[PDB]
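To keep things clear, I will list the structure first and then write my remarks on it.
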Ligand SMILES: Nc1ncnc2c1ncn2[C@@H]1O[C@H](CSCC[C@H](N)C(=O)O)[C@@H](O)[C@H]1O
């Protein structure tokens with residue numbers, strides 16, 4: 001009679017941990033959500049096949065408004081699993097679901113999986129140097145989000161790197177590309193004119209982390225803004241002050257212009 | 001002709017991903033290092049039995065100084081795996097190893113696994129709110145390093161959380177406990193007197209992340225400094241001002257005192 005929060009990882013069904021698979025295989029009921037992120041290398045069918053169980057996919061509304069009405073009731077008399085892309089508690093509001101579980105007298109356990117938050121290490125940027133993170137959200141009607149711009153500014157001032165999760169509208173099958181994020185940021189720059197994000201700003205793009213051949217690119221906005229980084233999901237990173245080896249990796253592995261090997265200490 | 005950087009995950013032999021395991025099983029040679037961290041919930045023997053391959057352990061020197069003489073030569077005409085605790089390329093100097101592979105004409109691929117950087121989300125603290133990270137190092141001789149204290153200071157004043165890795169002597173198998181970290185920080189506070197880390201400071205402790213029964217505790221330093229958080233590894237976090245939802249999770253899940261709902265929000 002417990003509830004398992006199990007992450008499925010970055011790209012495909014094989015990104016789940018062995019621990020997660022063995023536990024998921026023995027659960028009575030299996031639920032999942034695929035609106036918090038995109039696993040571009042798999043399908044519901046493949047996940048079901050691997051786990052050996054049928055999976056009931058839930059919408060944001062099902063979860064946020066009815067988690068305690070759909071999932072928790074079953075967890076009070078069975079072993080239930082709730083699957084999610086990447087790590088279940090990273091950049092989601094799922095942690096609060098553990099509180100709902102407690103209040104309902106249901107014990108819960110978390111099985112982690114690879115997350116985009118730590119996968120950034122593949123960009124060569126020292127992970128400890130990342131500062132506050134943010135999300136580039138799609139403008140809606142007259143509402144144009146801009147707080148993510150101030151985050152970059154705050155981190156840059158401290159010489160820290162900025163991780164930018166990109167927006168997603170799963171129900172509309174919309175996945176923000178690094179290109180779109182760059183366009184939005186340039187627009188905010190025109191408004192705020194803080195010299196935070198311009199055509200000459202160095203950026204790093206990581207697409208489909210978790211796949212065997214992810215797209216890792218680095219360069220100035222003007223040169224990458226119209227580049228094809230492949231299918232989603234994508235994340236955008238605005239590095240702060242670079243260490244020599246970070247610059248070297250970006251050039252040798254991310255194909256950045258040799259010009260960036262030159263660091264301004 | 002191929003080198004695989006494979007993460008072993010957080011705690012035991014089952015924290016490796018299905019993808020990582022299947023690939024490791026297909027490799028002709030398997031190397032590993034346990035100097036950046038140790039898998040406290042398992043043993044080399046259990047990891048070997050799981051992968052079904054003998055695992056040649058490499059020391060810090062083997063890797064940092066002779067990676068190209070020990071690992072790469074074999075990767076030239078065979079499939080080779082390099083296992084590391086957590087997620088590959090998180091340890092600061094590992095990304096550079098991919099450059100060495102390139103220089104040696106060896107292709108490399110990264111197989112991700114859970115990292116403490118994302119696993120800390122189990123503390124209920126929002127991932128985007130974490131700022132720069134640091135390691136609490138033991139003082140020694142005439143050397144008393146305190147930069148980690150400055151990191152906490154800079155993050156906190158900006159309302160950001162600070163992830164603190166605790167010192168470890170892998171070879172001697174000696175881990176710094178959260179308790180020792182707190183005493184050190186209080187000692188540093190007495191030195192710099194910046195009102196950054198005191199007996200009333202709210203801290204969070206995460207022990208054995210990855211296990212099914214991790215220890216998650218939160219409260220003021222004066223009340224936690226003498227508490228038993230169990231066996232290592234331990235991770236210390238000095239949260240910035242809390243979102244009410246973060247505070248509620250710490251109270252309901254981490255046994256934090258009701259007081260934080262008004263004092264640290
Ligand atoms: N494999 C991947 N490659 C690139 N970006 C990814 C990614 N997986 C997730 N993201 C990024 O993160 C956003 C979802 S945020 C939810 C993250 C998830 N809990 C995790 O642990 O990874 C996406 O819109 C995208 O910008």
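No lab work stands behind these numbers, since they all come straight from the coordinates. Positions of Cβ are generated from backbone atoms using ideal geometry, with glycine treated the same way; all protein chains shown enter the neighbour counts.
Model label sites at residue B:192 and residue A:170, defined 7 Å from Cα along the beta-carbon direction, differ in position by 4.2 nm.
Modelled spin-label separation between residue A:157 and residue A:78, with each label point placed 7 Å from Cα along the Cα-to-Cβ direction: 5.3 nm.
Axis angle, to the nearest 10 degrees, between helix A:60-70 and the longest C-alpha principal axis of chain A: 20 degrees.
Counted over chain A, the DSSP beta bridges are approximately 45% antiparallel. Between this copy and the others, label points of residue B:56 are 5.2 nm apart in ascending order, each placed 7 angstrom from Cα in the Cβ direction.
Each residue in A:223, A:199 was given a count of other beta-carbon atoms within 10 angstrom of its own, and listing them fewest first yields A:199, A:223. Assuming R0 = 25 Å, what is the FRET efficiency of residue B:226 and residue B:265, from their Cβ-Cβ distance, to the nearest 0.05? Using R0 = 25 Å, I get an efficiency of 0.45. Between the helical axis of B:147-156 and the longest alpha-carbon principal axis of chain B there is an angle of about 60 degrees. With contributions of -39500 (n - 2.57) from each DSSP H run of at least four residues, the per-residue ellipticity at 222 nm computed over chain A stands at -8500 deg cm²/dmol. Each label point was placed 7 Å from the Cα along the Cα-to-Cβ direction; for residue B:258 and residue B:103 their separation is 6.2 nm. Across the identical copies, the label point of residue A:74 (7 Å from Cα in the Cβ direction) is separated from its matches by 4.5 nm, in order from shortest.
Within the listed set A:69, A:155, A:179, the residue fluctuating most in the Gaussian network model of chain A (springs between alpha-carbon atoms under 10 angstrom) is A:69.
With the contact rule set at Cα under 8 Å and sequence spacing of 6 or more, what percent relative contact order holds for the stretch B:1-114? Across the stretch B:1-114, relative contact order equals 48 percent.
Please state the shape class of chain B: rounded when a/c is under 1.5, otherwise prolate if a/b exceeds b/c and oblate if not, all from the C-alpha gyration tensor.
Numbers: a/c = 2.28, a/b = 1.87, b/c = 1.22.
Since a/c reaches 1.5 and a/b is larger than b/c, the shape of chain B is classed as prolate.
Helix B:244-254 and the long axis of chain B differ in direction by around 70°, with both axes built from C-alpha atoms.
Shape of the stretch B:108-265 from its Cα gyration tensor (a ≥ b ≥ c, root eigenvalues): rounded if a/c is under 1.5, otherwise prolate when a/b > b/c, or oblate? Since a/c stays below 1.5, the shape of the stretch B:108-265 is classed as rounded. The shape of the stretch B:92-180 can be summarised by an equivalent ellipsoid whose semi-axes, obtained from the alpha carbon gyration tensor, come to 28, 21, 14 Å from longest to shortest. Of the residues B:90, A:238, A:196, the one with the fewest other Cβ atoms within 10 Å heads the list, and the complete ranking is A:196, A:238, B:90. Fully extending the segment from residue B:68 to residue B:44 would add 6.3 nm, taking 0.36 nm per residue of separation and subtracting the current Cα-Cα distance. Between B:117, B:109, B:149, where does the largest GNM mean-square fluctuation fall for chain B, given springs only between Cα atoms within less than 10 Å? Top of the fluctuation ranking is B:109.
What share of the DSSP beta bridges in the stretch A:1-114 is antiparallel, in percent to the nearest 5?
Values: 1 of 17 bridges.
Expressed as a percentage, antiparallel bridges in the stretch A:1-114 total about 5.
Inter-copy label distances for residue A:191: 4.6 nm (label point placed 7 Å from Cα along Cα→Cβ; shortest first). Among B:35, B:128, B:175, the residue with the largest mean-square fluctuation in a Gaussian network model of chain B, with springs joining Cα atoms closer than 10 Å, is B:128.
Please state the shape class of the protein assembly as shown: rounded when a/c is under 1.5, otherwise prolate if a/b exceeds b/c and oblate if not, all from the C-alpha gyration tensor.
It is rounded, given that a/c, with a ≥ b ≥ c, falls under 1.5.
In whole percents, the pair-distance distribution calculated for the stretch A:1-114 from its alpha-carbon pairs, binned every 5 Å from zero, is 2, 13, 26, 27, 20, 9, 2, 0.
Among DSSP bridges having both ends in the stretch A:115-265, what percentage is antiparallel? Round to the nearest 5.
That works out to approximately 80 percent antiparallel.
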